[PDB]
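In this analysis, Cβ positions are derived from the backbone assuming ideal geometry, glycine residues included, and neighbour counts consider all displayed protein chains. Quick note: the coordinates plus some simple rules give every number you see, no bench work behind them.
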Amino acid sequence: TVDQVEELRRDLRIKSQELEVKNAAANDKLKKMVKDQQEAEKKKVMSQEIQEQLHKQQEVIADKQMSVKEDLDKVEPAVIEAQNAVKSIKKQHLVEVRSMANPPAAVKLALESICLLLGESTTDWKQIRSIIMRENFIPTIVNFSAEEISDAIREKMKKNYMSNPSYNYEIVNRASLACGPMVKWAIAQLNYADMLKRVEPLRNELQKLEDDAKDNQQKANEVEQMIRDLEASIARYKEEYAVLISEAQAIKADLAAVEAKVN
């Protein structure tokens, strides 16, 4: 059995030599994980380093959004109020105006201001009065978005019309029941048209932020995507090395035991 004793010995020699194989292989798998982790934790810190920026960003967004809300809710109610005061007209006043030979100051005024707003250089009377009584007129005024006014005609209005003590509702209405409504209109309109010079950068600002927020949101998911993709591709190696270790040492058990008997 001496031959056998020695061949058992060299057989163990193999077994150990191959335990180099298993053990070192394990040590390799672990290196793989430690690397994957080294990018996983990394990406995690990145993840919140985003989350909080997105937060602050959104705070700003909310502030300016409410700012808009109030800014518009201020001057808006007076507008649609007047936008329908123009379609509450009985035609009695419509021809009170349309067949005007020689108009009072206030009506000529009102219709002039309107003709300005809607974009008419002509301040000639008769043409103005025919222009007034038309099929399109009223619908234009109802469809008239204040976003269609230059930053010049605003002050043309302010400087000439509303600064003058006769451009008012009581006066203009007393003059004619028709021009009153649209006086109110042009007024509330002049106000909104003002306000939108304050809102015109706000909106264009929310733009810059909303985008980069959503832009950041996406770049935040791509991370958590990656982060989870590692969590899953690490979990393999975890359960792999684990079972692997139960091998090297179970083998490493026989290697000690058999020398205990040849001794």
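So what is the calculated 222 nm ellipticity per residue for the chain, using -39500 (n - 2.57) for each DSSP H run with n of 4 or more, over all residues, to the nearest 500 deg cm²/dmol?
Values: 9 runs with 215 residues, N = 263.
That calculation yields -29000 deg cm²/dmol at 222 nm.
Could you list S47, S99 so that the one with the fewest beta carbons within 10 Å of its beta carbon is first and the one with the most is last? Walk me through the numbers before you get to the answer.
Details: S47 15, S99 9.
Ranked by crowding around the Cβ, least crowded first: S99, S47.
List, in the order given, every pair from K43/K69; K31/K208; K126/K158; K22/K42; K69/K108; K214/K238 whose Cα-Cα distance in the structure shown is over 32 Å.
Working: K43/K69 38 Å; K31/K208 44 Å; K126/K158 25 Å; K22/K42 30 Å; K69/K108 36 Å; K214/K238 36 Å.
Too far apart for the 32 Å limit: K43/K69; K31/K208; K69/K108; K214/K238.
What does the net charge come to around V107 if you take all other residues with beta carbon closer than 12 Å to its beta carbon, with K and R at +1 and D and E at -1? Don't skip to the answer; put the middle values down first.
On the way: positive: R98, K108, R129, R174; negative: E96, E112.
Net of charged neighbours comes to +2.
How would you rank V258, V45, going from fewest to most other Cβ atoms within 10 Å of each one's own Cβ?
Values: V258 15, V45 9.
Final ranking by Cβ density, sparse to dense: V45, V258.
How big is the dipole moment of region 72-198 about its Cα centre under a simple scheme where the beta carbon of each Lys and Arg is +1, that of each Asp and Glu is -1, and everything else is neutral? Debye, nearest 20, please. Numbers along the way, then the final one.
On the way: 17 positive and 14 negative charges, 70 e Å.
Its charge dipole is roughly 340 debye.
Not counting the cut sites, what is the longest span of the chain without trypsin sites (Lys or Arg not before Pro) that DSSP labels loop and that have at most 15 other Cβ atoms within 10 Å?
On the way: sites that count: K87, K90, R134.
Result, exposed sites excluded: 135-263.
Give the cross-link partners of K261 among the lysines, using a straight C-alpha distance below 23 Å as the criterion and excluding same-chain residues fewer than 8 apart.
Here the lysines satisfying the reach criterion relative to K261 are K15, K252.
Between region 110-150 and region 1-75, what's the alpha-carbon centroid distance in Å?
Centre-to-centre (Cα) distance: 69 Å.
Tally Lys and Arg at +1 and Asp and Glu at -1 over the other residues with C-beta under 14 Å from the C-beta of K126: what net charge comes out?
Working: positive: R98, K108, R129, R134; negative: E112, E120, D124.
With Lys, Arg at +1 and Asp, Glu at -1, the neighbours total +1.
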